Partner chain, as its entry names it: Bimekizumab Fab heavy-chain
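What follows is one chain in structure tokens, specifically the form deposited without its partner chain.
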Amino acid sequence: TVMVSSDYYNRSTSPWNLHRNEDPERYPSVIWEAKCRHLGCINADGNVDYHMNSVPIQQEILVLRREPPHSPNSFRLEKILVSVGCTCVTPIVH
């Protein structure tokens, strides 16, 4: 108890889409959440190479959820997993 622009998503070889994550009893209110565009990965010709995997990369973030519910003064410190982007990986059996 304590009192208190980027263009990679569309250029990647593992491009991703971006989603909003709304919750009014939470600070920050909206979080951009990435979603891998492809299963495989874009090759030199710009087609999908299914020999490779687009995989979402995640980050643990702290978030303040209002408690009691819908309270502008009291919050609970939470941890949620948020996909921030996609990388291209070799499958474990390549």
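Positions refer to the first chain, counted from 1. Only residues modelled in both forms are compared. The term rigid core refers to the most C-alpha atoms you can superpose between the two forms while keeping them within 1.5 Å.
Peer 1: Does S5, which is modelled here, drop out in at least a third of the other compared PDB entries?
Peer 2: Missing in at least a third of the others, so yes.
Peer 1: Indicate whether the chain is continuous between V4 and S5 or, if not, how many deposited residues are absent from the coordinates: none, 1 to 3, 4 to 9, or 10 or more.
Peer 2: A long stretch, 10 or more residues, is missing between them.
Peer 1: So, looking at the entry's B-factor column for Cα atoms, which has the higher mean, 33-41 or 62-70?
Peer 2: Here the higher of the two C-alpha B-factor means belongs to 62-70.
Peer 1: Mean Cα B factor from the PDB record: higher for 20-28, or higher for 81-89?
Peer 2: According to the entry, 20-28 carries the higher average C-alpha B-factor.
The following text describes the form deposited with its partner chain bound, which does not appear among the structures shown.
Peer 1: Do any residues of 31-64 have a non-hydrogen atom within 4.5 angstroms of its partner chain in the deposited bound form? If so, which ones, in sequence order?
Peer 2: Counting only heavy atoms within 4.5 Å of its partner chain in the deposited bound form, the contacting residues of 31-64 are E33, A34, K35, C36, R37, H38, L39, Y50, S54, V55, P56, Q58.
Peer 1: So which segments really shift between this form and the one not shown, if a segment has to be 3 or more residues long and each C-alpha must move 2 Å or more after the rigid core fit?
Peer 2: Flagged stretch (3+ res, CA at least 2 Å): just 92-94.
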